[PDB]
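Chain by chain, the residues run as shown.
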Amino acid sequence: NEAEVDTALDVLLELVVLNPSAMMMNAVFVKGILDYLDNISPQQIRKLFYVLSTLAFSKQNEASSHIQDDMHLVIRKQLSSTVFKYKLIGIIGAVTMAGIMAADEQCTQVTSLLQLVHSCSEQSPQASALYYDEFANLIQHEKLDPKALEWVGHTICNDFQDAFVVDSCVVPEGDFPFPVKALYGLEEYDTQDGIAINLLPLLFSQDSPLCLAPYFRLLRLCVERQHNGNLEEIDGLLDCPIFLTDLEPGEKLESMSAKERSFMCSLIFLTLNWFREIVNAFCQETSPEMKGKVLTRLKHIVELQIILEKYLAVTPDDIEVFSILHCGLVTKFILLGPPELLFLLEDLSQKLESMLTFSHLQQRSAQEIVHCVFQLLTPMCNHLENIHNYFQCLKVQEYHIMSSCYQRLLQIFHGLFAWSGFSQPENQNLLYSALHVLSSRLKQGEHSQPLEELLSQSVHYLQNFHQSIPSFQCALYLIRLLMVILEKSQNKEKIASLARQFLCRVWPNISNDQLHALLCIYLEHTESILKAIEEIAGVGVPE
Amino acid sequence: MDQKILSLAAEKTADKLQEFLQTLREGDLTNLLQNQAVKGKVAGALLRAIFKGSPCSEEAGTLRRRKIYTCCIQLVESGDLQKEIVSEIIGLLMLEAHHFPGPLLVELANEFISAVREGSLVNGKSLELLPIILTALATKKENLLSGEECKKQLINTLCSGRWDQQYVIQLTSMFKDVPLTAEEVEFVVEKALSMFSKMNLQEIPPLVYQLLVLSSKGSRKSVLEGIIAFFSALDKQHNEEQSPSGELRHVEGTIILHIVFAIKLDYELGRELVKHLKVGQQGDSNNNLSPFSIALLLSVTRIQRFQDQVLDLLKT
Amino acid sequence: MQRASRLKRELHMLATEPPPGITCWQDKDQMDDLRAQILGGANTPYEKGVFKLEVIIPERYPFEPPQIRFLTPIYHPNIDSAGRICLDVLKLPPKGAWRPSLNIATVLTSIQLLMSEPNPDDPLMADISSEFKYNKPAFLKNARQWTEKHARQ
């Protein structure tokens, strides 16, 4: 199993970098693995090919080049195959193998190798994507001979600027049953420029553009490795409008659900992942105009995210970017918008759920995510929490959005507070500050207080949201949050009374799983479980 | 006349080259063979042209693609061309073999069966395509009888026909990479086992290794029953000859060790061995076990999981 | 150290009783390197040829084969113009066949032998190998002229 595999592999990596000469005798046994790549996942494959390749292209062990030829063999053979699973392995192997051999005929070897993988991988869309993803991963992780990167960058730039990038002429080419314009420009850019993107005509000619975002990532990272993070060649690209349908209404085109719906949902999905990759690109840049464009792009992302989650409702079946979350709410109904908040909080929840219980975030430590989020959630999402409490204390679509915003806010708080690094003492400094800001949300001045006092003030702040809660899930999240704070400290009665209150409300529905979790929250924490069950079984009858 | 196809490819696809096919018409043997003899770098480029030039959307591209294949199989084989060119040209013939309609690949595979009957397969580098074509036949589920049925009868004809005694092992190393069923792997390996008899001994061990790594997605009962029944017969004949020892001892051993390094990664291999070598009722133990079966077991006692099980059987 | 003993024996055995038509001496210019000579074989296009070789014995010799080049250009199916020899006994196994059972004398013998009988299956010059296979006369002529151009005095 996978951790055994991983650990062994790490051991092998350690042993080869430590003592090559000893394992080079028995590298033969390691060559004999290659029959049983049938039971290894892609990631392990990367390290495996790394080891064998650092064996062979260690400079004394090139007399024993048998390894080198045999893996060349399985490369081209495995790489060849029609079936994606096999093509996959060879793809990754080739890429990683190429990486390490390149640290003049070696440059011709990697050239031939990368050209043939690119040529073979052109035909399958999934594989083309994978190449660009994997080649990007390789160029980023490895510092490798800038001649080869100077070779690949001039290829990728040219192929990108002819493949996708077209003129910003206001009429696109294609007989479309849709008002196709150049939408989601910044409009601060010069609109009569050359650089635009042929997204929807490529998507209609499909029925290459699903590989668009990672291909841009690849181009950028060749450019980032060459010019050392100077993005003055590209910064005309976040200026571009994108050739799309008028997406903004998904209510005028309701109850005519065709393959048009699949087209539209996939179109918005690519547009947002495109925009996510632009934010991934230009996040490192400190220039204020660039950051302004990135904020405008987040507003474009977030409004299309509301249209996409709403399109999935009608049709059934980085972290430094949250430095923009310092922007406060401008709630459209009562008077960073509501769709801005739902998208950013949906993003941070979908990251933290995978990460703490995805390659860019996974190459960062979980401790790095928790440390940075403490500055980047609490003292500006408590503002958004307070505005949500103000709104819900007092038309339909913004209520449905801000209920879900409120759910997501409490979900990110629960993910933060349920972290298993806080029984461990080094993270208790973070917890003292975290409760010191939640205690300091109501009134300040009480500093260097005992832990239990900070816990009681934090839960006293978090408990009095209970009247404003619009939906059952936010209630359950609030009680699970109060439980994971109060277990640090008596409060059984509090959790029981609150669970009982939220079982006693009307709730205009409720899924069985949420109500199961709330009943086990009530009955376990009640003073007498027997008299609690006899209370529910002397009301279970007058139903 | 080589720099009047580089221009043709340098601009656009199937417009001038699909016609440039119908113009020349003579034979892509002089244009490769004699062109290769001087400079093969041309051939690695050239084929990129013809193939982009002869797209399979049209049948007069497809039969020009079906002939260039029948050519370059035969030239790499009979031809003492360099390794370096062959490592490319095959690379191409693999890389492009994916997108064919049904009845051309069965004919290419019939050429391959005809070659395994007769042809001087002086390198089975020619048969490096034979794995991926049975893949690309199976992915096209359309009636040409479907693709998988044609694959089944095709590998039945590979098994029924005589194997090149020289490179029988190299043919058996190809069914390693194809996905197969039980019946298919069983047919191919019981023929690879019929072939131990009609060989030198010193090449039986690596063949046994390439049988076991196949048997990992196939029959184990069969692989080890074959090795055991074979060496059982061998040692009995060595005994009644005594009533070729100094090497018969190297083989038995090297085999036990090669089956060790497999039962090491394949815990089910060991369990099937052990089940095969049960006493159960004492009448199975008076047809099962051997002077070779037991050296093999008493090597096996070194595996940590397996020591104990083994001994207990032997003792009882 | 196996180097020192091998060199001492082989040098003097090759200085006093070499194989016929073959010489091998400690290169005067490079007394770590060797100079080898193959005399043009009777009944071959290499007839009337003196073929100079640079014979470097790797430091791990005799556990590794010699690295030997023709200094004399030769027109041969299995030997390019730069002098590289396609022969298993100059590579470690499983591909090659080198072991300390063999030596400078027996491999210079295997070389003179290949010069007599080219093996077309390991072709360095595909043109020369196909001309050897189909047009013996043209090969023999170009090779004999090659002998009189490059292996002459």
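Note on numbering: positions run from 1 along each chain as its sequence is written and may not match the entry's numbering; residues without coordinates are not listed. Both sets of labels track the order of writing: A upward for chains, 1 upward for ligands. This view covers only part of a larger assembly, and the values given relate to that part. The basis for the side-chain values is all heavy atoms of the structure; hydrogens and waters are excluded.

The record names cryo-EM as the way this model was obtained, at a resolution of 4.20 Å.

Overview of the overall build of chain A
This is how the line gets drawn: To qualify as a helix, a DSSP run of H or I must reach at least 4 residues; to qualify as a strand, a run of E must reach at least 2; elements of each kind are numbered from the N terminus. The buried label goes to any residue with under 20% of its type's maximum accessible area, the exposed label to any with over 50%, and the partly exposed label to all in between, with areas taken from a 1.4 Å probe on protein chains only. Methods summary: accessible areas were calculated by the Shrake-Rupley approach with a probe of 1.4 Å, and residue burial reflects only the protein chains presented. Only four residue types enter the tally: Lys and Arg on the positive side, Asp and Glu on the negative side; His and the chain ends are excluded. The atoms used to mark charge sites are NZ of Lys, CZ of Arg, CG of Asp and CD of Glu.
When helices and strands are counted, chain A shows 22 helices and four strands. Summarising its shape, the C-alpha atoms of chain A cover approximately 80 × 65 × 50 Å along the three principal directions. Within chain A, the proportion of its 543 residues that are buried is 48%. By element, 55% of the accessible surface of chain A is carried by carbon and sulfur atoms, the whole surface being about 27400 Å². Across chain A, the centroid of the 37 positively charged side chains sits 4 Å from that of the 65 negatively charged ones.

Some remarks on the packing of aromatic side chains
The geometry of an aromatic ring pair comes down to the distance between the two centres and the angle between the two planes. Note the following rule: When the centres of two rings from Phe, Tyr and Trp lie within 6.5 Å, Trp using its six-membered ring, the rings pair. Their planes under 30 degrees apart give stacked, over 60 give edge-to-face, and anything left gives tilted.
Scanning all chains against the criterion turns up 30 aromatic pairs over all chains. Ring centres of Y131 of chain A and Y132 of chain A lie 5.4 Å apart, and the angle between their planes is 90 degrees; on these two criteria the pair is classed as edge-to-face. Judged on exposure class, the residue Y131 of chain A and its partner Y132 of chain A are both buried. Seen from their ring centres, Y61 of chain C and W98 of chain C are 5.3 Å apart, and the 25 degrees between their planes marks the pair as stacked. With a gap of 37 residues between them, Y61 of chain C in the loop between β3 (50–56) and β4 (67–70) and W98 of chain C in the loop between β4 and α2 (104–116) connect regions that are remote in the sequence. Take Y61 of chain C and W98 of chain C: they sit in the same class, and that class is buried.

A closer look at the nonpolar core
Counted only if it meets this: Buried residues of nine kinds, namely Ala, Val, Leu, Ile, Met, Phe, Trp, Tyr and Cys, make up a nonpolar core once their side-chain atoms join them within 4.5 Å. Contacts between residues were defined by any pair of non-hydrogen atoms, one from each residue, lying within 4.5 Å.
Counting residues in hydrophobic clusters, the biggest one holds 170 residues, and the most contacted among them are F160, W274 and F282 of chain A. Ranked by residues supplied to this core, first place goes to helix α19 (residues 472–486) of chain A with 12 residues. Leave out the neighbours within four places in its chain, and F282 of chain A touches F216, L231, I234, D235, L238, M290 and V294 of chain A. Of all hydrophobic cores here, the second largest spans 90 residues; its members include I73, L214, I256 and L297 of chain B.

Overview of the side chain of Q44 of chain A
All names here are of chain A. Structurally, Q44 is set in helix α3 (residues 42–56). Accessibility expressed as a relative area gives 7% for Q44, which makes it buried. Those residues in contact with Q44 that sit more than four places away from it in its chain are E2, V5, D6 and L9.

Describing the interface of chain A and chain B
Filter applied, for reference: As a working definition, buried area equals the accessible area (1.4 Å probe) given up by two parts on being put together, with both sides summed. Any carboxyl oxygen of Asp or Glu within 4 Å of a side-chain nitrogen of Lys or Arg constitutes a salt bridge here. Nitrogen and oxygen atoms within 3.5 Å of one another constitute a polar contact, given that in protein one can donate a hydrogen and the other can accept it, and given that sequence-neighbouring residues count only through two side-chain atoms.
Counting residues at the interface gives 16 residues for chain A and 19 residues for chain B. Here chain A meets chain B over a buried area of about 1500 Å², counting both sides, of which 64% is carbon and sulfur. The three residues of chain A that bury the most area against chain B are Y36, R76 and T82 of chain A, which together make up 37% of that side's buried surface. Linking chain A with chain B are three salt bridges, by the criterion used here. Close ionic contact of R76 of chain A with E128 of chain B constitutes a salt bridge, the shortest N to O distance being 3.1 Å. Remark: the boundary between chain A and chain B carries three residue pairs in polar contact. Counting only elements with at least two residues in the side of chain A that touches chain B, the list comes to α4 (66–80) and α6 (105–121) of chain A. The greatest single-element share of the side of chain A that touches chain B, amounting to four residues, is contributed by α4 of chain A.

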